[PDB]
Each structure stands twice: as C-alpha cells, then as structure tokens.
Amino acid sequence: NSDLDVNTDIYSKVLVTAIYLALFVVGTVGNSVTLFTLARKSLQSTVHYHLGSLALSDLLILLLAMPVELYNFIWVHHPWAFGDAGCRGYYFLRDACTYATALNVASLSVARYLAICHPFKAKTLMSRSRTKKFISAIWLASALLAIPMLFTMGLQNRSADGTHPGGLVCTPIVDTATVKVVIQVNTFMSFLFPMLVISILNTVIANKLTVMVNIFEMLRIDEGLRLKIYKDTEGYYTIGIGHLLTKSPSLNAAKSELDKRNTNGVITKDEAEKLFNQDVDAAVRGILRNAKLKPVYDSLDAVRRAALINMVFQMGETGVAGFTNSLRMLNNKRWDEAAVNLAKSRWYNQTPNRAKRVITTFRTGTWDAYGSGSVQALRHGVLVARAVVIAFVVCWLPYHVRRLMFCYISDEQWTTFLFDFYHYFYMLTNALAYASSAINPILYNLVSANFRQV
C-alpha cells in the first residue's frame, strides 16, 4: 500500500526524544540568556557582537528546526504534514541558519586569531566597529546560499500507486543530477572551508598561548605589590613588585635610590608596573648573557622557562648560576631528580614557601602551585581553543556525511539494512547537530570570559 515506512523502534525514539529535549532546555536557556546578558554595556565588543549573532542563530535553529523535524522526521515519517510551503520553507530555514552558525563560528575564530596573534597590528588598529557590517554580510550570505533549497526540496507522491494520500513526502524533487551539485556546494560552504579555518586558526592560537611565558602573572603572586617602601624577608629596602633597591641600611639612600622625581617614599601604580617591567626585562637579559643559564633557558618550555626567570628575578644571574648541577639536570629534562637537588640545603630554603612553589612548577610544568586565580588564563585559553575545534567538527561532520550518501550511496546498494542504518544514523546526526547549538553557548561564554590576556 505505502511501503515507504521506517522500522525504528519506539524505545530509540523515546531516547532520541529525551536527548533532543535536554539539548533544547540547555541550548535555548544558554543562547537566550547570553544574548540578553550582552544586550547591555572595544575591542572585546566586536567578539560580543559575534557572540550575539551566534546565539541568535543557534536559538533559531532550536526554535524552527527542532519541533517539526522531531515530529515528521523522527516520529511520523509519512505523509508530510505541513504542505509544500511547509516543506521548502523548512529546508530553506534549516540551510540559512546552519550557514549562519558556521560563518559565525569561523568569523569569531578569525577575530580572536587577530586579537591574540596580531594585537597591535590587527586588533587595536584595523579591527573596530563597524564589524556590524560583517555580521550583516554573514546573514545575507546565509540567506542567498539557502536560496537553492527552495527549488531543490519539494512535495512528491511516492505511494506504491502514486495516488494515495498517505504517501505524500517532502523530498528533493529536481533531477538527481543537480541534487549532487546543491548538497556538495552546501557541504563545502557550510563545513569544509569553515572547518579548515577553525582548525588551523585555533591551533595557531593554542600554540601561541602555550609558548607565552606567564612570568608576570606569576610574580604578582609571589612578590606582591607595595607602593610604599618596606623591608623584605631578609630585611632590605624594597618597593613596588618586590623591587629591591639600595639594600644598605637605612631608610635614606633607599629613598634616594628611588629613580626615576622625588618619590618621598611612595610611588604611583603605573610607576610600580613600569619598574616591574624593567626588572623582568633585566632578568631575561641576565639569562641570555649568562653562559651557564642560557642553554638551559633555551631548551626549556614556557612554564619552567618562567620558573627560571622567577629565580633570576629573586637572586640575580650570579646566584642562579651557582646551582651548577641542578642546571645540568634541568637541561637534561631530569625534572624529578633536579627538584630534589634544589630542595637540598640550597640556602635558598631561607624562603621555603616561595621555593616549594617554584620547584613544584619546575617539576610538573603546570600552574597547580599558584592557586585557582587567573594565572591559569593561558592554559584555559589553550583548552578552550581545543574545545572549539573538537566541538564544531564532532557536531557537524557526521551530519554532512549523512546528507552526501542520500545522493551518492544512491545506486544501488540500497538494502533494508542500509535503509534502516540510514535512519538510526539520522537520529544520531541531528542529535549532534543540535548538540552544537547547546554546547556552544556554554563554551563561548568561557572564551568570552577568556580575554584577561588583552
């Protein structure tokens, strides 16, 4: 009679239904809440506008695509319940919104790439509103690229007779020769180019961040900040970010050595920082002019690279080059045995806390020592940038693969097994595609929050 039925069990449909609903509460709440939370306030503004556009897109995917497809595409497969305009309209909207979320994710990866990798070059100067026009153009491209779906999709009577009312389905009506063209184009524009961009860009971000020395945010913990002259651990005269000056007693030459203006014992914030910049600069410069400390510095990464600078900052190139064998092991990646060496009477266990903190950094190559404060900014930057690529590709890859085989697996391996597998596959793929628009609110608040670097 109408043997175009699909035999996917009630239990898998309940499962998928559940999942879709969870995805729905999460996606809708997150997108809505973000777009109305950033309906209130450069250059992070630009990334805010990008986020706004993103959340809007995802929200519209959830509102327009989900309910109808949940009914007609996963529960009652035939006939098509919403008429021709229903059919073409649905598919056009689907297409438009997906182009939108893809182009947006890309554009955001591009903007972030610019901000982080070319801060002065790109970010501060070139990047500025109106990038509203960019988002506008994105939406326009979404619409125009979705235009084909209005001609390709349609209503067709596929019942055995081709006359019975219960066989009226929504399906590509044009010649199958063109269907391939259309969906291949869609595959490239909505997945391939974007996914390549996301991939390489975010990878470059991640590597740039992993290679950046968190040295400053590290010292601000250990060394603190006092903009009125004081006494340090061993009772010498210090100001600013632990900048020792005129260590000789007493309070007078200390105040004289306050250069550069008559400090009168007190300094301003921007002065304590500019002082701190010079100190950190003279440390690295001390590292790179010293024959014992340079090649060790060179071989290290970025964390244990900061760890050294800390020590050089605290004790000068002269003292740190006095740790001969520890250096020999650090250069040899003996993190284990070199940590034990430093922990020995190193005499620099006159301040054990600061020493313990530096050795468990050297040892682990991670920031576990420095509390849960945003010295973890870089690492989180990395992880978030990985999350982006993983999330996008995982969520959208199988979706596009399923669409390709609709028109390519075509002829003639279309068995019962394949016809079935196709629809279970469909469940899966739309589940992931809808997982995109619910994972990316929560994820992208984390990258929005992750701009303490700039």
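Start at 1 and count along the sequence shown; that's the residue number.
Chemist: Which class fits the unmodelled deposited stretch between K260 and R261: none, 1 to 3, 4 to 9, or 10 or more?
Modeler: Gap size class: 1 to 3 residues without coordinates, per the record.
Chemist: Of 74-82 and 245-253, which one has the bigger average CA B-factor?
Modeler: Stretch with the greater average CA B-factor: 245-253.
Chemist: Out of 302-310 and 351-359, which stretch has the higher average CA B-factor listed in the record?
Modeler: The recorded data point to 351-359.
Chemist: Quick one: which of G316, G381, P172, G235 shows the highest Cα temperature factor in the PDB entry?
Modeler: Reading the PDB entry, the winner on C-alpha B-factor is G235.
Chemist: If you check the C-alpha B-factor for each of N331, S199, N157, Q278 in the entry, which is highest?
Modeler: That would be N331, according to the entry.
Chemist: What third of its chain's C-alpha B-factors does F24 belong to: lowest, middle or highest?
Modeler: Bottom third by C-alpha B-factor.
Chemist: By the recorded C-alpha temperature factor, relative to the other modelled residues in its chain, which third is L293 in?
Modeler: Answer is middle: the recorded C-alpha B-factor places it there.
Chemist: Quick one: classify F216 as lowest, middle or highest third of the chain based on its Cα B-factor.
Modeler: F216: CA B-factor falls in the middle third of its chain.
Chemist: What third of the chain does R40 rank in for C-alpha temperature factor, lowest, middle or highest?
Modeler: Highest third.
Chemist: Thinking about Cα B factors across the chain, which third does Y113 belong to?
Modeler: It falls in the bottom third of the chain.
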